[PDB]
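Report on the structure given below.
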Amino acid sequence: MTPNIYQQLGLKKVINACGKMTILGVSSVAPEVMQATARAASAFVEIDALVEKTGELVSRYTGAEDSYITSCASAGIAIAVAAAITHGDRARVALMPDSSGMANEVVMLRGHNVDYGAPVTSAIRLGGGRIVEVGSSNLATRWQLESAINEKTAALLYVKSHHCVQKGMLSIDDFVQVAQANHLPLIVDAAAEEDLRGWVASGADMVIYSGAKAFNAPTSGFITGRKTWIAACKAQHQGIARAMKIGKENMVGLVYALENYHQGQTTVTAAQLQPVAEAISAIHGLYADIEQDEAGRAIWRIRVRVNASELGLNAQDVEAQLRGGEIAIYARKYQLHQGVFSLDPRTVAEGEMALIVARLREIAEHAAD
Amino acid sequence: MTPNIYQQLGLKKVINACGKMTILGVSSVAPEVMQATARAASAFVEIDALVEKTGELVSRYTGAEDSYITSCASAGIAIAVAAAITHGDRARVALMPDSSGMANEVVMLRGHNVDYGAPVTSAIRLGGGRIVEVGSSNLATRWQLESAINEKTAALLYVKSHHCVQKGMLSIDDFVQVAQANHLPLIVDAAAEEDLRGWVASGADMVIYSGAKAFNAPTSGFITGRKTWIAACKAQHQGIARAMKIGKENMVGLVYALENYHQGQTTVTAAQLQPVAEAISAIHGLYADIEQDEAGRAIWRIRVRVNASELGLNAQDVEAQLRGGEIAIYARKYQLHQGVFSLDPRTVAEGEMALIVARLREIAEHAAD
Amino acid sequence: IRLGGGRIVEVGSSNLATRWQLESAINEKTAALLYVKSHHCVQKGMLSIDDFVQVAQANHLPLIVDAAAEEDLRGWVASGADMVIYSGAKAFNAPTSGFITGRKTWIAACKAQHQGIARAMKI
Ligand SMILES: [Ca+2]
Ligand SMILES: [Ca+2]
Ligand SMILES: [Ca+2]
Ligand SMILES: [Ca+2]
Ligand SMILES: [Ca+2]
Ligand SMILES: [Ca+2]
Ligand SMILES: [Ca+2]
Ligand SMILES: [Ca+2]
Ligand SMILES: [Ca+2]
């Protein structure tokens with residue numbers, strides 16, 4: 001392959017087969033999307049008019065009243081909290097994140113206090129919020145959520161993620177009901193979610209997505225929800241949002257990435273994966289098969305099982321040599337203890353499949369057995 | 001002209017003749033720079049290796065030990081303060097911006113407390129800093145700077161800007177001497193500055209630039225300085241810097257924009273401006289002449305003076321109709337009270353000069369006199 | 001200001017000050033608004049004397065104007081300021097002196113200071 005730009009700077013060529021991981025650059029933007037960004041970058045625009053129009057265009061995909069584009073989902077969380085605390089008041093916006101003497105408590109489940117590389121507490125604290133944790137890490141009841149609300153509460157936060165505790169937690173419906181009964185905004189963190197309308201439709205006031213993670217967009221994120229609260233988010237441009245800046249180029253890039261996602265994307269069919277699966281199985285000690293997501297639909301992956309006796313290496317040794325090689329090959333390390341590594345083709349580009357098989361055989365030949 | 005992407009979204013075509021203004025998108029990235037960004041966006045990379053290499057490449061232009069790329073200059077200020085307060089300690093990084101019980105005072109001149117669309121206080125406060133203002137708005141002595149230092153002081157901040165009070169303030173040398181005498185880091189805000197080496201060479205520990213403003217780069221900024229303090233800046237990726245994210249694409253874009261700036265750029269010569277100046281003077285009531293910067297070198301601009309009696313409109317009426325027209329034309333509004341507006345050709349692209357002259361005549365014809 | 005018992009509340013930045021910033025600084029602890037006319041002050045980007053008069057009269061608070069070097073005796077009183085301060089030596093080549101001029105109700109409160117802090121500022 002012709003060397004990528006990172007190879008030209010002295011870095012390794014990376015093959016992504018794990019997923020949208022922040023340690024590898026999150027996502028690969030489509031070339032059609034980068035064209036729209038470059039044309040936007042090479043021209044001036046009235047930013048105030050761009051903010052409204054991009055919010056209007058993004059809202060067409062989410063079904064909310066208005067939308068606001070941010071630099072990332074973490075910035076969306078900080079802005080959404082600041083919106084709930086300041087109500088858009090220009091004086092309070094300049095004070096953030098020193099919310100002294102204001103209603104600044106953000107109520108969330110303890111099971112949702114998650115670390116995605118950085119603690120979700122940091123994003124909330126940047127917006128001026130003070131975290132109030134509800135329930136235990138394994139169980140949370142509704143009366144615990146209702147008792148946590150008092151005159152200092154500024155917002156409720158619901159976090160949707162596989163990082164969160166999956167059982168024993170309250171439903172999104174419980175948060176909506178408690179929030180509207182106390183006349184408080186409900187904020188939803190759906191950073192990796194691809195469902196654009198489901199979280200807004202549930203009655204949440206502000207929902208936060210990450211444009212890079214889910215929709216393979218240039219570095220971006222957006223808040224979508226009620227126009228009154230989105231307006232309070234926009235007011236943060238004179239405050240904390242000035243440090244979380246996204247330019248006109250990536251604002252446009254997100255919009256075209258949403259349209260590129262809405263038009264549809266041709267996912268890799270199972271028929272295409274089988275030739276790659278057969279080649280890996282030919283290697284001594286490696287057995288490869290195509291597997292749909294055991295708990296998910298419309299996702300095909302190549303599961304590879306390693307026999308230490310035949311190959312001479314365990315699955316941990318294979319995965320490490322895949323990354324450590326001259327071409328950094330990142331596979332899924334979930335079931336590595338069980339002797340299995342898997343390949344997610346969604347982040348794999350054309351031809352990259354063949355290179356992974358070549359490295360697998362080279363690792364086998366270097367066993368020398 | 002073929003409609004730009006913003007025109008396709010329903011927005012006005014903008015002609016920039018004022019300068020790098022945040023209300024118009026700051027800057028126009030060079031097409032060669034956008035190519036490097038698109039290739040970077042369409043590929044994965046080990047971010048940890050990219051952070052070091054980009055810091056090394058940026059440091060070649062500034063002469064500092066190391067460098068760190070940020071989303072904007074405001075993010076660089078927040079990170080630099082957090083670096084001075086946390087010293088890179090992972091526990092303190094997670095606490096920001098709640099720097100309770102730490103040395104968190106940032107000492108700066110009151111004459112440097114400026115508003116660039118957002119108060120510089122907001123960026124400092126996001127990093128955990130508490131502002132300590134030195135001197136008055138018109139005068140600041142050295143003993144005032146030395147008396148402000150105590151065991152709670154975390155850093156000294158020097159702000160370079162035309163927004164700052166120009167006379168009566170302390171020199172950069174005074175800040176360096178006081179900072180090193182108390183063993184405290186000196187932070188310099190040089191967001192719009194094009195001098196990459198002068199501020200680092202003066203002995204400042206961390207200097208902050210804006211990649212978009214000065215070097216016509218995609219949305220970016222960087223901190224450059226001593227490796228020990230830059231290391232404390234990098235440590236903020238697990239804390240407040242997670243919300244001020246810049247992706248791999250604009251990280252590369254800044255590096256290629258610095259090389260595109262270092263190779264040199266062909267500035268518009270005075271000979272090229274004269275045809276445009278002559279056409280404007282042909283209009284009744286308008287007198288146009290080329291003028292070098294009265295206080296600056298190597299900057300040519302087209303100063304246009306309006307005669308209300310002849311034209312029928314004052315300079316304020318002309319400037320407003322330039323912006324309000326179907327093509328938004330932004331001129332310099334500094335001496336508009338004196339009956340003069342000027343045209344800065346640095347942000348004007350090829351052919352855009354001719355369109356401005358056409359609108360000027362249309363405004364004159366619509367006088368109907 | 002501190003000799004008179006005041007605690008300073010600063011509005012805006014050194015280069016820019018908006019009206020909503022001026023109005024937000026007013027609260028139940030506010031005792032007066034102060035406008036300073038001088039070449040020492042920042043010229044561009046600051047609020048006009050009219051903005052201070054309107055905000056002061058909207059909160060029933062006294063507006064104080066420092067016009068020490070000003071030779072305009074009537075212009076600052078005419079704008080509606082409650083107390084305007086001049087320096088007799090600076091502008092009118094007088095022996096060491098100064099004066100406060102303004103509304104009779106507030107000048108009376110100034111005269112009342114002769115039993116207090118004004119005993120140390122004797123003319
Ligand atoms: Ca509201
Ligand atoms: Ca749902
Ligand atoms: Ca072993
Ligand atoms: Ca080789
Ligand atoms: Ca250190
Ligand atoms: Ca210098
Ligand atoms: Ca008129
Ligand atoms: Ca027409
Ligand atoms: Ca007057």
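A note on labels: chains of the structure tokens are A, B, ... as shown, every chain counts residues from 1, and ligands are counted from 1 in their shown order.
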
Fit chain B to chain A: least squares, all C-alpha atoms, paired in order; write the output as a CSV table (one decimal) with C-alpha atoms, in the first residue's frame.
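Okay, selection-v9.csv is ready:
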```csv
chain,number,residue,atom,x,y,z
B,1,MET,CA,0.0,0.0,0.0
B,2,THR,CA,1.1,3.6,-0.7
B,3,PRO,CA,2.3,5.0,2.6
B,4,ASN,CA,-0.3,7.0,4.5
B,5,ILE,CA,0.5,10.4,5.9
B,6,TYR,CA,1.4,9.1,9.3
B,7,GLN,CA,4.0,6.7,7.8
B,8,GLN,CA,5.5,9.8,6.1
B,9,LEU,CA,5.9,11.4,9.5
B,10,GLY,CA,7.7,8.3,10.9
B,11,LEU,CA,4.8,6.5,12.5
B,12,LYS,CA,3.4,3.0,12.0
B,13,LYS,CA,0.7,2.0,9.6
B,14,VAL,CA,-2.3,1.1,11.7
B,15,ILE,CA,-4.9,-1.6,10.9
B,16,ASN,CA,-8.1,-1.2,12.9
B,17,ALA,CA,-10.1,-4.3,13.5
B,18,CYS,CA,-11.3,-3.6,17.1
B,19,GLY,CA,-13.7,-0.7,16.6
B,20,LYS,CA,-14.0,3.0,17.1
B,21,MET,CA,-11.2,3.3,19.7
B,22,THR,CA,-10.0,6.7,20.9
B,23,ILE,CA,-6.4,5.4,21.2
B,24,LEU,CA,-6.3,4.9,17.4
B,25,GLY,CA,-8.0,8.1,16.3
B,26,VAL,CA,-11.6,7.1,16.9
B,27,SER,CA,-12.8,6.9,13.3
B,28,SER,CA,-11.9,7.2,9.6
B,29,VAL,CA,-13.8,10.0,7.9
B,30,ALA,CA,-15.3,9.2,4.5
B,31,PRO,CA,-13.5,10.9,1.6
B,32,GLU,CA,-16.8,12.5,0.4
B,33,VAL,CA,-17.1,14.1,3.9
B,34,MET,CA,-13.6,15.5,3.9
B,35,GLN,CA,-14.4,17.2,0.5
B,36,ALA,CA,-17.2,19.1,2.2
B,37,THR,CA,-15.0,20.0,5.1
B,38,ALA,CA,-12.2,21.3,2.9
B,39,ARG,CA,-14.5,23.5,0.8
B,40,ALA,CA,-15.9,24.8,4.1
B,41,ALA,CA,-12.3,25.4,5.5
B,42,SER,CA,-11.2,27.3,2.4
B,43,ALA,CA,-14.0,29.9,2.7
B,44,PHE,CA,-15.4,32.3,5.2
B,45,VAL,CA,-19.0,32.3,6.7
B,46,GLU,CA,-21.1,34.2,9.1
B,47,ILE,CA,-20.7,31.9,12.1
B,48,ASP,CA,-23.9,33.1,13.8
B,49,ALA,CA,-25.9,32.1,10.7
B,50,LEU,CA,-23.9,28.8,10.5
B,51,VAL,CA,-24.7,27.9,14.1
B,52,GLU,CA,-28.4,28.1,13.5
B,53,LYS,CA,-28.5,26.4,10.1
B,54,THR,CA,-26.3,23.5,11.3
B,55,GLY,CA,-28.5,23.2,14.3
B,56,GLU,CA,-31.6,23.1,12.1
B,57,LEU,CA,-30.0,20.6,9.7
B,58,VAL,CA,-28.8,18.3,12.6
B,59,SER,CA,-32.3,18.5,14.1
B,60,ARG,CA,-33.8,17.0,11.0
B,61,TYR,CA,-32.0,13.7,11.8
B,62,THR,CA,-32.8,13.7,15.5
B,63,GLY,CA,-36.4,15.1,15.5
B,64,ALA,CA,-35.7,17.6,18.3
B,65,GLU,CA,-36.6,21.3,18.2
B,66,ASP,CA,-33.0,22.6,17.8
B,67,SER,CA,-29.4,21.4,17.9
B,68,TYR,CA,-25.9,22.8,18.7
B,69,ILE,CA,-22.6,21.4,17.4
B,70,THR,CA,-19.7,20.9,19.8
B,71,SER,CA,-16.1,19.7,19.6
B,72,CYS,CA,-16.8,16.4,21.3
B,73,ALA,CA,-19.3,14.6,23.5
B,74,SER,CA,-17.3,15.6,26.6
B,75,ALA,CA,-17.8,19.2,25.5
B,76,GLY,CA,-21.5,18.5,25.0
B,77,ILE,CA,-21.7,17.3,28.6
B,78,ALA,CA,-19.9,20.3,30.0
B,79,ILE,CA,-22.1,22.7,27.9
B,80,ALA,CA,-25.3,20.9,28.8
B,81,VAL,CA,-24.6,21.1,32.5
B,82,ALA,CA,-23.6,24.8,32.1
B,83,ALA,CA,-26.9,25.3,30.2
B,84,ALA,CA,-28.9,23.7,33.1
B,85,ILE,CA,-27.1,25.8,35.7
B,86,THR,CA,-26.9,29.2,34.0
B,87,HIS,CA,-30.2,29.0,32.1
B,88,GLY,CA,-28.3,31.0,29.5
B,89,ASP,CA,-27.9,34.1,31.7
B,90,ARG,CA,-24.9,35.9,30.3
B,91,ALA,CA,-23.6,36.8,33.8
B,92,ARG,CA,-23.7,33.2,35.1
B,93,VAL,CA,-22.1,32.0,31.8
B,94,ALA,CA,-19.0,34.2,32.5
B,95,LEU,CA,-18.8,32.7,36.0
B,96,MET,CA,-18.5,29.1,35.0
B,97,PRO,CA,-17.2,26.8,36.2
B,98,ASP,CA,-17.4,28.7,39.6
B,99,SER,CA,-21.1,28.0,40.2
B,100,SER,CA,-20.9,29.2,43.8
B,101,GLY,CA,-24.3,30.0,45.4
B,102,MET,CA,-26.2,28.5,42.4
B,103,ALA,CA,-28.3,25.4,42.0
B,104,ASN,CA,-25.5,23.2,40.6
B,105,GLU,CA,-26.2,19.6,41.7
B,106,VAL,CA,-26.3,17.1,38.9
B,107,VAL,CA,-28.2,13.9,39.9
B,108,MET,CA,-27.1,10.7,38.3
B,109,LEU,CA,-26.9,7.0,39.1
B,110,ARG,CA,-23.8,5.7,40.8
B,111,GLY,CA,-23.8,2.9,38.3
B,112,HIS,CA,-23.5,5.5,35.5
B,113,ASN,CA,-20.4,7.1,36.9
B,114,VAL,CA,-18.1,5.6,34.3
B,115,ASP,CA,-14.6,6.1,33.0
B,116,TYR,CA,-14.2,6.3,29.2
B,117,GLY,CA,-10.5,7.3,29.3
B,118,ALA,CA,-11.5,10.3,31.4
B,119,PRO,CA,-14.1,10.2,34.2
B,120,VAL,CA,-17.5,11.6,33.2
B,121,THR,CA,-17.2,13.6,36.5
B,122,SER,CA,-14.6,15.9,34.8
B,123,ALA,CA,-16.9,16.9,32.0
B,124,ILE,CA,-19.8,17.6,34.5
B,125,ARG,CA,-17.4,19.6,36.7
B,126,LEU,CA,-16.2,21.7,33.8
B,127,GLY,CA,-19.8,22.9,33.4
B,128,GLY,CA,-20.1,23.9,37.0
B,129,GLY,CA,-21.9,20.8,38.2
B,130,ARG,CA,-21.6,19.0,41.5
B,131,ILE,CA,-22.2,15.3,41.2
B,132,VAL,CA,-24.9,13.6,43.3
B,133,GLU,CA,-24.8,9.8,43.0
B,134,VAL,CA,-28.0,7.8,43.4
B,135,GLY,CA,-28.2,4.2,44.6
B,136,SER,CA,-25.4,1.7,44.7
B,137,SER,CA,-23.2,0.3,41.9
B,138,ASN,CA,-25.5,-2.7,41.6
B,139,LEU,CA,-28.9,-1.4,42.5
B,140,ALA,CA,-30.8,1.9,42.2
B,141,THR,CA,-34.5,2.4,43.2
B,142,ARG,CA,-36.8,5.2,42.2
B,143,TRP,CA,-37.3,6.6,45.7
B,144,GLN,CA,-33.5,7.1,45.9
B,145,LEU,CA,-33.8,9.2,42.7
B,146,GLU,CA,-36.7,11.2,44.0
B,147,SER,CA,-35.1,11.8,47.4
B,148,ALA,CA,-31.9,13.2,45.8
B,149,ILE,CA,-33.9,16.1,44.3
B,150,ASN,CA,-33.8,19.4,46.3
B,151,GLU,CA,-33.7,23.1,45.7
B,152,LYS,CA,-30.0,22.8,44.7
B,153,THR,CA,-30.6,20.3,42.0
B,154,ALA,CA,-29.8,21.7,38.5
B,155,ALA,CA,-30.3,18.7,36.2
B,156,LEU,CA,-30.6,14.9,36.0
B,157,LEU,CA,-28.1,12.9,34.0
B,158,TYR,CA,-28.7,9.6,32.3
B,159,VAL,CA,-25.7,7.8,30.8
B,160,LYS,CA,-26.1,5.3,28.0
B,161,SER,CA,-23.0,3.1,27.6
B,162,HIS,CA,-21.7,-0.4,27.9
B,163,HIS,CA,-19.4,1.0,30.5
B,164,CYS,CA,-22.5,1.5,32.8
B,165,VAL,CA,-23.9,-1.2,35.0
B,166,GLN,CA,-26.5,-2.9,32.9
B,167,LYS,CA,-28.7,-4.6,35.5
B,168,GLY,CA,-30.2,-3.0,38.6
B,169,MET,CA,-30.4,0.5,37.2
B,170,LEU,CA,-33.4,2.7,36.6
B,171,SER,CA,-34.9,3.1,33.1
B,172,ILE,CA,-34.8,6.2,31.0
B,173,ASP,CA,-38.6,6.5,31.6
B,174,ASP,CA,-38.0,6.9,35.3
B,175,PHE,CA,-35.6,9.8,34.8
B,176,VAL,CA,-38.0,11.5,32.4
B,177,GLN,CA,-40.9,11.3,34.9
B,178,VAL,CA,-38.8,12.5,37.9
B,179,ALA,CA,-37.3,15.3,35.9
B,180,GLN,CA,-40.6,16.7,34.6
B,181,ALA,CA,-42.2,16.3,37.9
B,182,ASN,CA,-39.7,18.7,39.5
B,183,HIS,CA,-39.4,20.9,36.4
B,184,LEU,CA,-35.7,20.1,35.8
B,185,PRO,CA,-33.9,19.4,32.6
B,186,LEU,CA,-33.0,15.8,31.8
B,187,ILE,CA,-29.6,15.3,30.1
B,188,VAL,CA,-28.7,12.1,28.2
B,189,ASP,CA,-25.2,11.0,27.4
B,190,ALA,CA,-25.5,8.8,24.2
B,191,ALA,CA,-22.0,9.4,22.9
B,192,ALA,CA,-21.5,6.2,21.0
B,193,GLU,CA,-25.2,5.7,20.2
B,194,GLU,CA,-26.3,5.5,16.6
B,195,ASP,CA,-30.0,5.9,17.4
B,196,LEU,CA,-30.6,9.6,16.7
B,197,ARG,CA,-34.3,9.9,17.5
B,198,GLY,CA,-34.9,7.3,20.2
B,199,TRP,CA,-33.5,9.3,23.1
B,200,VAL,CA,-35.0,12.6,22.1
B,201,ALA,CA,-38.4,10.9,21.6
B,202,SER,CA,-38.4,9.6,25.2
B,203,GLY,CA,-38.8,13.2,26.5
B,204,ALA,CA,-35.2,14.0,27.3
B,205,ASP,CA,-34.5,17.7,27.3
B,206,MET,CA,-30.9,17.5,26.0
B,207,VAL,CA,-29.2,14.5,24.3
B,208,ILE,CA,-25.5,14.4,23.5
B,209,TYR,CA,-23.9,12.5,20.7
B,210,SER,CA,-20.3,12.2,19.4
B,211,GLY,CA,-20.0,12.8,15.6
B,212,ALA,CA,-16.7,11.0,15.3
B,213,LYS,CA,-17.6,7.8,17.3
B,214,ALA,CA,-20.9,6.9,15.7
B,215,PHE,CA,-21.1,8.6,12.4
B,216,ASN,CA,-17.4,8.5,11.2
B,217,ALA,CA,-17.2,12.3,11.2
B,218,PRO,CA,-14.4,14.8,11.7
B,219,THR,CA,-13.9,15.6,15.4
B,220,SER,CA,-17.3,16.8,16.5
B,221,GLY,CA,-20.3,16.2,18.7
B,222,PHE,CA,-23.7,17.8,19.1
B,223,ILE,CA,-26.4,18.5,21.7
B,224,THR,CA,-30.0,18.1,20.5
B,225,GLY,CA,-33.3,18.7,22.4
B,226,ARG,CA,-35.7,21.4,23.3
B,227,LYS,CA,-35.1,24.8,21.8
B,228,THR,CA,-35.2,26.6,25.2
B,229,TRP,CA,-32.4,24.5,26.5
B,230,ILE,CA,-30.4,24.4,23.3
B,231,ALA,CA,-30.5,28.2,23.4
B,232,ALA,CA,-28.9,28.0,26.9
B,233,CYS,CA,-26.2,25.8,25.4
B,234,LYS,CA,-25.5,28.3,22.6
B,235,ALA,CA,-25.0,31.0,25.2
B,236,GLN,CA,-21.9,29.2,26.5
B,237,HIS,CA,-19.9,30.5,23.5
B,238,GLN,CA,-18.9,33.5,25.6
B,239,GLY,CA,-17.9,31.2,28.5
B,240,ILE,CA,-16.6,27.7,28.8
B,241,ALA,CA,-17.4,26.7,25.2
B,242,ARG,CA,-14.8,29.1,23.9
B,243,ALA,CA,-12.1,26.6,25.1
B,244,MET,CA,-13.9,23.6,23.5
B,245,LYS,CA,-13.9,25.1,20.0
B,246,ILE,CA,-15.1,23.4,16.8
B,247,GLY,CA,-14.4,25.4,13.6
B,248,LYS,CA,-16.6,26.0,10.6
B,249,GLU,CA,-14.9,23.1,8.8
B,250,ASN,CA,-15.8,20.3,11.2
B,251,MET,CA,-19.2,21.8,11.8
B,252,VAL,CA,-19.9,21.3,8.1
B,253,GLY,CA,-18.2,17.9,8.2
B,254,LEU,CA,-20.6,16.6,10.8
B,255,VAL,CA,-23.6,17.7,8.8
B,256,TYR,CA,-22.3,15.9,5.7
B,257,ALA,CA,-21.4,12.9,7.8
B,258,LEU,CA,-24.9,12.7,9.1
B,259,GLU,CA,-26.2,12.9,5.5
B,260,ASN,CA,-23.6,10.3,4.4
B,261,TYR,CA,-24.9,8.1,7.3
B,262,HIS,CA,-28.6,8.8,6.5
B,263,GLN,CA,-28.1,7.9,2.8
B,264,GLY,CA,-26.9,4.5,4.0
B,265,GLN,CA,-23.5,2.7,4.1
B,266,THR,CA,-22.8,-0.7,2.4
B,267,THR,CA,-21.7,-2.9,5.3
B,268,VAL,CA,-19.3,-5.8,4.6
B,269,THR,CA,-21.4,-8.9,3.8
B,270,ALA,CA,-20.6,-12.3,5.3
B,271,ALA,CA,-19.8,-13.6,1.9
B,272,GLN,CA,-16.9,-11.2,1.6
B,273,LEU,CA,-15.4,-12.3,5.0
B,274,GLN,CA,-15.3,-16.0,4.2
B,275,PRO,CA,-12.2,-15.9,2.0
B,276,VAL,CA,-10.3,-14.2,4.8
B,277,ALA,CA,-11.6,-16.7,7.3
B,278,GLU,CA,-10.4,-19.6,5.2
B,279,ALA,CA,-6.8,-18.3,4.8
B,280,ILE,CA,-6.4,-17.9,8.6
B,281,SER,CA,-7.6,-21.4,9.2
B,282,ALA,CA,-5.0,-22.8,6.8
B,283,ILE,CA,-2.3,-21.6,9.3
B,284,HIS,CA,-1.3,-24.3,11.7
B,285,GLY,CA,-2.7,-23.7,15.2
B,286,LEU,CA,-5.2,-21.1,14.0
B,287,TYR,CA,-8.9,-21.8,13.5
B,288,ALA,CA,-11.0,-19.0,12.0
B,289,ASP,CA,-14.8,-18.7,11.5
B,290,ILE,CA,-17.3,-16.0,10.8
B,291,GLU,CA,-19.6,-15.2,13.7
B,292,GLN,CA,-22.6,-12.8,13.9
B,293,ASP,CA,-22.9,-10.9,17.1
B,294,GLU,CA,-24.2,-13.4,19.6
B,295,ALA,CA,-26.3,-10.7,21.3
B,296,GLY,CA,-26.5,-8.3,18.4
B,297,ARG,CA,-28.0,-8.2,14.9
B,298,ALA,CA,-26.4,-7.2,11.6
B,299,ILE,CA,-22.8,-7.4,12.7
B,300,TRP,CA,-20.4,-10.0,11.3
B,301,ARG,CA,-16.9,-10.7,12.7
B,302,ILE,CA,-14.0,-13.2,12.1
B,303,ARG,CA,-13.4,-15.0,15.4
B,304,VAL,CA,-9.9,-16.6,15.5
B,305,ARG,CA,-9.1,-19.3,18.1
B,306,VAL,CA,-5.4,-20.2,18.9
B,307,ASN,CA,-4.1,-23.7,19.8
B,308,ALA,CA,-0.9,-23.1,21.8
B,309,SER,CA,0.3,-26.7,21.2
B,310,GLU,CA,0.1,-26.5,17.4
B,311,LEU,CA,1.1,-22.9,16.9
B,312,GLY,CA,3.6,-22.5,19.7
B,313,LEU,CA,1.9,-19.2,20.9
B,314,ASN,CA,-1.1,-18.5,23.0
B,315,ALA,CA,-3.8,-16.0,21.9
B,316,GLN,CA,-2.2,-13.3,24.1
B,317,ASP,CA,1.2,-13.8,22.4
B,318,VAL,CA,-0.6,-13.6,19.0
B,319,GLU,CA,-2.4,-10.4,19.8
B,320,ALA,CA,0.7,-8.7,21.2
B,321,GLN,CA,2.7,-9.6,18.1
B,322,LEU,CA,-0.1,-8.3,15.9
B,323,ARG,CA,0.2,-4.8,17.5
B,324,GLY,CA,4.0,-4.9,18.0
B,325,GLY,CA,4.7,-5.7,14.4
B,326,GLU,CA,5.9,-3.2,11.8
B,327,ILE,CA,2.2,-2.8,10.9
B,328,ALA,CA,0.3,-2.2,14.1
B,329,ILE,CA,-2.7,-4.6,13.9
B,330,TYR,CA,-5.3,-4.0,16.5
B,331,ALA,CA,-7.7,-6.9,17.1
B,332,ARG,CA,-10.5,-7.3,19.7
B,333,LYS,CA,-8.9,-8.2,23.1
B,334,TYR,CA,-12.2,-9.1,24.9
B,335,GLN,CA,-11.9,-12.9,25.0
B,336,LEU,CA,-8.1,-13.1,24.7
B,337,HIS,CA,-8.0,-15.0,28.0
B,338,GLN,CA,-10.2,-17.7,26.4
B,339,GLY,CA,-7.7,-18.1,23.6
B,340,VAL,CA,-9.7,-16.1,21.0
B,341,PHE,CA,-9.2,-12.9,19.2
B,342,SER,CA,-11.7,-11.4,16.7
B,343,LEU,CA,-11.6,-9.1,13.7
B,344,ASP,CA,-14.2,-6.3,13.3
B,345,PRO,CA,-14.3,-5.5,9.5
B,346,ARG,CA,-16.2,-2.2,9.9
B,347,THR,CA,-13.0,-0.3,10.6
B,348,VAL,CA,-11.0,-2.4,8.1
B,349,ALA,CA,-10.5,-0.8,4.7
B,350,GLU,CA,-10.1,-2.6,1.3
B,351,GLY,CA,-6.9,-4.7,1.1
B,352,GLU,CA,-6.2,-4.4,4.8
B,353,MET,CA,-7.7,-7.8,5.3
B,354,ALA,CA,-5.0,-9.4,3.2
B,355,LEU,CA,-2.2,-7.8,5.2
B,356,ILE,CA,-3.5,-9.2,8.5
B,357,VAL,CA,-3.4,-12.7,7.1
B,358,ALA,CA,0.2,-12.2,5.9
B,359,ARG,CA,1.3,-11.1,9.4
B,360,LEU,CA,-0.5,-14.1,11.0
B,361,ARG,CA,1.4,-16.5,8.8
B,362,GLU,CA,4.7,-14.7,9.5
B,363,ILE,CA,4.1,-15.1,13.2
B,364,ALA,CA,3.5,-18.8,12.7
B,365,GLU,CA,6.6,-19.2,10.6
B,366,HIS,CA,8.6,-17.5,13.3
B,367,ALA,CA,7.6,-20.2,15.7
B,368,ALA,CA,10.3,-22.3,14.0
B,369,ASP,CA,8.8,-25.5,15.3
```

Among the residues of stretch 14-124 of chain B, find those DSSP assigns to strand (DSSP E) from the backbone and print them as a list in words.
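The strand (DSSP E) subset of stretch 14-124 of chain B is residues 14, 15, 16, 66, 67, 68, 69, 70, 105, 106, 107, 108 and 109 of chain B.
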
Print the selection's residues with C-alpha atoms to a file, as a compact mmCIF listing (two decimals), in the first residue's frame.
```
# COMPACT_ATOMS: atom_id res chain seq x y z
CA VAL B 14 -18.67 36.22 2.55
CA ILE B 15 -15.84 38.48 1.39
CA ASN B 16 -13.27 39.02 4.13
CA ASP B 66 8.64 20.12 23.52
CA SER B 67 5.18 21.10 22.30
CA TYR B 68 1.57 19.99 22.68
CA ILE B 69 -1.28 20.60 20.22
CA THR B 70 -4.64 21.85 21.51
CA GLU B 105 -3.52 31.73 42.10
CA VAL B 106 -2.56 33.01 38.63
CA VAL B 107 -0.81 36.38 38.78
CA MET B 108 -1.36 38.72 35.82
CA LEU B 109 -1.56 42.42 35.09
```

Hey, what's within 12 Å of residue C:76 if we count only C-alpha atoms and toss same-chain stuff fewer than 6 positions away? As a list in words, please?
residues 35, 36, 37, 48, 49, 50, 52, 53, 63, 64, 65, 66, 67, 68, 70, 82, 83, 84, 85, 86, 100, 101 and 102 of chain C

Residue nearest chain A among C:34, C:61, C:3, C:26 (counting only C-alpha atoms):
C:26

Chain A contacts on chain C, only C-alpha atoms, 12 Å, as a list in words
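The selection requested is residues 11, 12, 13, 18, 19, 20, 21, 22, 23, 24, 25 and 26 of chain C.
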
Write a file of the just-selected residues containing C-alpha atoms, as an mmCIF file, in the first residue's frame.
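File produced: result_12.cif:
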```cif
data_model
loop_
_atom_site.group_PDB
_atom_site.id
_atom_site.type_symbol
_atom_site.label_atom_id
_atom_site.label_comp_id
_atom_site.auth_asym_id
_atom_site.auth_seq_id
_atom_site.Cartn_x
_atom_site.Cartn_y
_atom_site.Cartn_z
ATOM 1 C CA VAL C 11 -17.317 45.697 35.725
ATOM 2 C CA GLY C 12 -16.097 44.337 32.405
ATOM 3 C CA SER C 13 -12.564 43.879 31.142
ATOM 4 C CA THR C 18 -21.058 45.924 28.157
ATOM 5 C CA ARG C 19 -24.242 47.263 29.710
ATOM 6 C CA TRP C 20 -25.514 43.881 30.913
ATOM 7 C CA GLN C 21 -22.219 43.526 32.773
ATOM 8 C CA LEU C 22 -22.931 46.857 34.478
ATOM 9 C CA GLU C 23 -26.495 45.850 35.339
ATOM 10 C CA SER C 24 -25.461 42.441 36.698
ATOM 11 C CA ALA C 25 -23.070 44.038 39.206
ATOM 12 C CA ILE C 26 -25.979 45.789 40.954
#
```
